[PDB]
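# Notes for the structure review
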Amino acid sequence: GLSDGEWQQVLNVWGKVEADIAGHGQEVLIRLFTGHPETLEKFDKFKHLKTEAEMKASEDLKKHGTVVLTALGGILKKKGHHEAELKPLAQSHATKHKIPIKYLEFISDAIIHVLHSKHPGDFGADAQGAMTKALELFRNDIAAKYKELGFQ
Ligand code: HEM
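Along every chain, residues receive numbers from 1 upward following the written sequence, which is not necessarily the numbering found in the entry; those without coordinates are excluded from display. Side-chain metrics rest on all non-hydrogen atoms present in the structure, leaving aside hydrogens and water.

Regarding how it was determined, this PDB entry cites X-ray crystallography in its header, along with a resolution of 1.40 Å.

### So, the environment of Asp 4
Secondary-structure assignment places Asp 4 in helix α1 (residues 4–18). For the exposure calls, accessible area comes from a 1.4 Å probe over protein chains only, and a residue counts as buried if that area is under 20% of its type's maximum, exposed if over 50%, partly exposed in between. Its relative accessible area of 65% is what places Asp 4 among the exposed residues. The numbering of helices and of strands both runs from the N terminus, where a helix is a DSSP run of H or I of at least 4 residues and a strand a run of E of at least 2.

### Here we look at helix α5 (residues 83–96)
Within an α-helix, residues lying three or four positions from one another point in the same direction, as the helix has 3.6 residues per turn. Between its terminal C-alpha atoms α5 stretches 19 Å, which fits the 20 Å expected from 14 residues at 1.5 Å a residue. Where α5 is concerned, the buried positions are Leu 86, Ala 90 and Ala 94. Down the axis of α5, the buried side of the element spans an arc of 50°, and every buried residue falls inside it. Summarising the geometry of α5, the exposed residues directed more than 90 degrees from the buried face are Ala 84, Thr 95 and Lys 96. The contact rule is simple, with two residues in contact once any of their heavy atoms fall within 4.5 Å. Packing partners of the buried residues in α5 comprise α7 (125–149). Helices are assigned an expected span. That span is 1.5 Å times one less than the residue count. Taken from the helix axis, the directions to the C-beta atoms give the arc we talk about.

### A look at the coordination of the iron atom of the ligand
Of all protein atoms, just one serves as a donor to the iron atom of the ligand, and that atom is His 93 (NE2), at 2.1 Å. Here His 93 shows up in helix α5. As a rule, N, O and S atoms within 2.8 Å of a metal are its donors, except that Na, K and Ca use 3.2 Å; water is not among the atoms, so sites may look incomplete.

### Considerations on the pattern of salt bridges
A pair is scored as a salt bridge if a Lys or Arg side-chain nitrogen falls within 4 Å of a carboxyl oxygen belonging to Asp or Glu. Scanning all chains against the criterion turns up 10 salt bridges. Ionic pairing is found between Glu 6 and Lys 133, a salt bridge with its closest N-O pair at 3.0 Å. You can see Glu 6 sitting in helix α1 and its partner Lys 133 sitting in helix α7, a full 127 residues away along the chain. Since its relative accessible area comes to 29%, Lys 133 is described here as partly exposed.

### Examining the environment of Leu 135
Here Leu 135 lies in helix α7. In this structure, the C-alpha to C-alpha distance between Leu 135 and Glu 52, residues 83 residues apart in sequence, is 26 Å. Discounting residues that sit within four places of it in the chain, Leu 135 has contacts with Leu 72, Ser 108 and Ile 111.

### As for the site of the ligand
If even one non-hydrogen atom of a residue comes within 4 Å of a molecule or strand, that residue is called near it. In the region of the ligand, 17 residues are neighbours, and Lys 42, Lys 45, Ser 92, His 93 and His 97 sit closest. Two N or O atoms form a polar contact when they lie within 3.5 Å of each other; inside protein one atom must be a possible hydrogen donor and the other a possible acceptor, and for residues adjacent in sequence the pair counts only when both atoms belong to side chains. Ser 92 places a polar side-chain atom, nitrogen or oxygen, 2.7 Å from an oxygen atom of the ligand. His 93 is positioned such that a nitrogen or oxygen atom in its side chain is 2.9 Å from a nitrogen atom of the ligand. Broken down by secondary-structure element, the contributors of at least two residues to the shell around the ligand are α4 (59–76), α5 and α6 (101–118). Considering each element in turn, the shell around the ligand owes the most residues, four residues, to α4. Residues belonging to the shell around the ligand are distributed by class as follows: 10 nonpolar, five polar and two charged. Under the scheme applied, nonpolar residues are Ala, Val, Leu, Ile, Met, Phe, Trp, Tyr, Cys and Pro; charged residues are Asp, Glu, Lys and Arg; polar residues are all the others, including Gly.

### Structural notes on the UniProt feature "binding site: heme b" in the protein
UniProt positions are given in the numbering used here, feature names are shortened, and annotations may be inferred rather than shown by experiment. According to UniProt, the positions carrying the feature "binding site: heme b" are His 93. Apart from the residues lying within four places of it in its own chain, the contact partners of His 93 are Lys 98, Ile 99 and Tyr 146.

Structure (structure tokens):
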């Protein structure tokens, strides 16, 4: 649950992402894959990537980064009223991709890391607080659907 002022911070930060969605999406996935190499094994189309240089050179990884952040941005713009947008993603990630909630924690922290890396000194403590709360809400509502499905 976020206040109006917190949502305003989230959507202000998101403007930074929308200026370069592919570059942000690429770096988020690279941070996930290099920090948590077990996550790469869930992607049949990226498991061939052995080095970060190959990851950086992969145009399909940048494409998928655009898909991921476009979906997340659509959810964030609903300011919590995201049941219709979130349900299909919860279902596909639990039942088809088999993504444990832990990996959603990993990618949430990766987003925070990338924002500081690309905007050092321009991602203030209030903005980090609000973005963190928004990603916690996203993860918590996914977790509720995971529990319904019995997925661990
Ligand atoms: C912010 C969190 C995430 C968002 C918004 C997101 C979004 C998406 C979307 C929109 C798709 C394509 C449609 C679909 O299959 O539902 C997708 C596919 C997929 N996601 Fe995610 N995802 C997220 C996190 C993760 C994480 C953490 C993992 C694994 C560590 C993951 C694994 C996958 C896989 C394996 C696919 C299929 C890729 C393919 O072969 O095309 N997702 N995701």
